[PDB]
Every structure is written in C-alpha cells, then in structure tokens.
Amino acid sequence: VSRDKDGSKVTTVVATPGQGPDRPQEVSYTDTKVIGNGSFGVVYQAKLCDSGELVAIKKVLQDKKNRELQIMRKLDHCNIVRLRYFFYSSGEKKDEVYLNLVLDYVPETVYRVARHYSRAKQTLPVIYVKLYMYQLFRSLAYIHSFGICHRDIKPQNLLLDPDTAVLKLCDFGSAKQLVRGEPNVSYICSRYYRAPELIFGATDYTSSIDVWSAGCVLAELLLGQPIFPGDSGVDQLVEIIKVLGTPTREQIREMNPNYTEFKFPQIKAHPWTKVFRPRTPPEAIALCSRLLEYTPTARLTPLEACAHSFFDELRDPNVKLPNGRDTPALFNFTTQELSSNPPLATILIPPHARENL
Ligand SMILES: O=C(O)c1ccc2c(c1)nc(Nc1cccc(Cl)c1)c1ccncc12
Ligand SMILES: [Y+3]
Ligand SMILES: [Y+3]
C-alpha cells in the first residue's frame, strides 16, 4: 500500500497479526523477491524491518471468507509454519483483492534434502528419517485433534531447517475441517500420495488420508523414490496393487461403501521386507506396513505412529543430531496433541524429559 525507499524499497502495510487479537499493526518488510509461482498465486520472500527476521508472503486472490486463513489463524504448533501476519493488497488483476499471508521462512524442504541423497545414489541416514517423520506425525496429530485434514501431504510441503533439523508443515490451502456427515471431494491429494479410498471415489473419507500420505513419504525416504509413482489416476491404483495386493471385498467396503464391489484380478501382496532395500531397519518396515493399509480405520493414528519402536532412538537421552547439536523439541507435547490416546503421554515423553507434564 505504501512503498517507501530507505534502504532501497520498503513496503509498509497495516497487517493484522494472525495468531492472537485482531489488533491491526503496521509492518515493514524489504528484500522482496519472488520464490514461487503457480495458479494459487505467488510466494515472495522478505525481511521484516523491525526484527530483521526472514518471512515468506503467500499472495492469493479472494472474493466476498477464506478457509486457509481461518485455519492458519487457529493453528499454533512448533511443527507447523506460523502465520505471523496477514493483510489484503492489490496487484496482478486490477479490480481484484489479494490476501497476503506472512509466514515463517524455512530454508529447505524434505524433498530437496532427499533429492540430494537420491542423486548421489545414497540413502538418507535413518536418524533424519526418524526426525522428519516423527515431527510430521506430531503436526498431523495436532491438526487432526481439531478435525482439520491437510489433504496435500507431500515432501514438497515439509519445510525443513537443515541445521536445527526442525520440520514445519506448510501449504494448508487444500485443508478442510471434516465433519461426519458432509461429503468431500475425492480428487484432492497429490497423486503420488493419494489414498486408495480417494481413488475408489469415497466422499465419506476421514483424516486417515493424511496418514496414508505420510506412509508414502516414509517409504519414499527409505526407498530413495516414490513407492507408488502413478502415471495417472488409474495407474496410481495399479501401483498400490503391485505392493499391497488386490483389496479384499471387506477392504473395498471400508474404503468406499457406496462402491459396487466387483471381482478384481486377485494379485498377491508383495512381502514388505522385499519391497525395501536389504538391511532396511525392520521397525521402519513394520511402521510402513501399518500406515499403507487399504482399510482406513486399520491405519495407525498419528500419535500411535509417534509411539512406534522406529522412533525409540529419538527417545534415547543420549541422542544428538549428527552435526553435534542436540535434537529439536520432540516431547513438548500439549494436552490437545495427546487428547486422543492419552495414555501414550507416558510412552511418548521419555523418563529423561518427564518435566513436560
Ligand atoms: O503455502 C504455505 O503455507 C507456505 C508457507 C511457507 C512457505 C511456503 C508455502 N512456500 C515456500 N516456498 C516455495 C518454494 C517453491 C514454490 C513455492 Cl510456490 C513456494 C516457503 C519458502 C520458505 N519459507 C516458507 C515457505
Ligand atoms: Y496445494
Ligand atoms: Y505405471
């Protein structure tokens, strides 16, 4: 609204703070550069003039309540990107308004970190896989406690600080609160991480679609490549049958009950130990088998995933990041996270850090 020039170009905007009271404040940012394009809009990078901290501004068009804003405003979690401020500007289309979302700036993503190891034909050390997965499940347990389904869980949406090993879930644009009765669109997630019940056209799906997507990211981090690389919507199901086998009539009823059960070419389930490279940690395979499951209700909950034996290293008091630093926050659990499965609190929070209530 007010482009000044002190350093070279300072934009000063009355941006409402996201988390907290609707006390509109004046916020100055500089170093404005484009860091992403698309149909959603544009994402800029910037540096706040007051604090000097780095931020990312996501600019989208709005008309007449925006779901992404209402969700970003309600969420506050260490493993979720924070909506620092939001404000309404103009731009690429005159006569139209633009919602700007000022968010935490994170330098890297799980996708880019994994692509580095994949290009070198090397596998990501499991301590990274444990850390990134555990944090993703905490962010999933938090948002699911409010009934919010992310519906776009992919490695490109797992912001990452490679020095602190902190993971931030981002891109809540496709997210939605799921209520028991109301139907929801079935063509939603990113294909590589789409749940089978979504391919089967289920409109009564639950948050289990996110846990499936996470299992696809666990397998992708253990394999070096996507486990279900579907050419299209029909291939995607074919890719799942190559590993999980043909779904059982019961399973097809759990995925989409409205779906007319048919006699499918019964393919056998390829054993899980053979899908992964030799000497892949057995607990990593055991968890993936409990997340990539046809029956949505049989998939683990995000808190149950966190309590799996695969993550026991993260609960070792002597655990440290390989760069020397100590691990990021892993047991700063809030009652809301632990709301479902309360007794896991004494399992998730190890003895060496029971001060977390
Ligand atoms: O959508 C959010 O919630 C959201 C929230 C934060 C970031 C973001 C998207 N996208 C980023 N980068 C990015 C990289 C490539 C393409 C595009 Cl479109 C965006 C990014 C970078 C650094 N810090 C925070 C973010
Ligand atoms: Y999206
Ligand atoms: Y194919």
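The first residue you see is number 1, and the count goes up from there.
So this one's X-ray crystallography, 3.0 Å, going by the header.
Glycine is no exception: its Cβ is also placed from the backbone N, Cα and C atoms.
On its own chain, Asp152 (active site, proton acceptor) has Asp171, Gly173, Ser174, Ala175, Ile188, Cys189, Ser190 as residues at least 6 apart in sequence with a Cβ closer than 8 Å to its own Cβ. Positions annotated as active site, proton acceptor by Swiss-Prot: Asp152.
Residues or ranges marked as ATP binding site by Swiss-Prot: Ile35, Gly36, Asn37, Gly38, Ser39, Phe40, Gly41, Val42, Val43, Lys58. Cβ environment of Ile35 (ATP binding site): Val43, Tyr44, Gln45, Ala56 lie under 8 Å away, each six or more residues apart in the same chain.
Beyond the ends of the expression tag (355-357), by six or more residues, the same chain brings 331-333, 335, 349 to within a C-beta distance below 8 angstroms of the stretch. The annotation expression tag is assigned in the PDB entry to 355-357.
Contacts of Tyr187 (phosphotyrosine) defined by a Cβ separation under 8 A and a same-chain sequence distance of 6+ are given as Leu198, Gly233, in order along the sequence. Reduced to three states, the DSSP call for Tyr187 (phosphotyrosine) is coil. What Swiss-Prot records for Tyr187 is phosphotyrosine, and it gives experimental evidence as the kind of evidence.
In the structure as shown, the Cβ atom of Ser39 (ATP binding site) sits within 10 Å of 5 other Cβ atoms. Ligand 1 lies under 6 Å from the Cβ of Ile35, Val43, out of the recorded positions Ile35, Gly41, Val43, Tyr187. Under the three-state DSSP scheme, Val43 (ATP binding site) falls in the strand class. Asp152 are the recorded positions among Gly41, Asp152, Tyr187 whose C-beta comes within less than 6 Å of an atom of ligand 2, given in sequence order.
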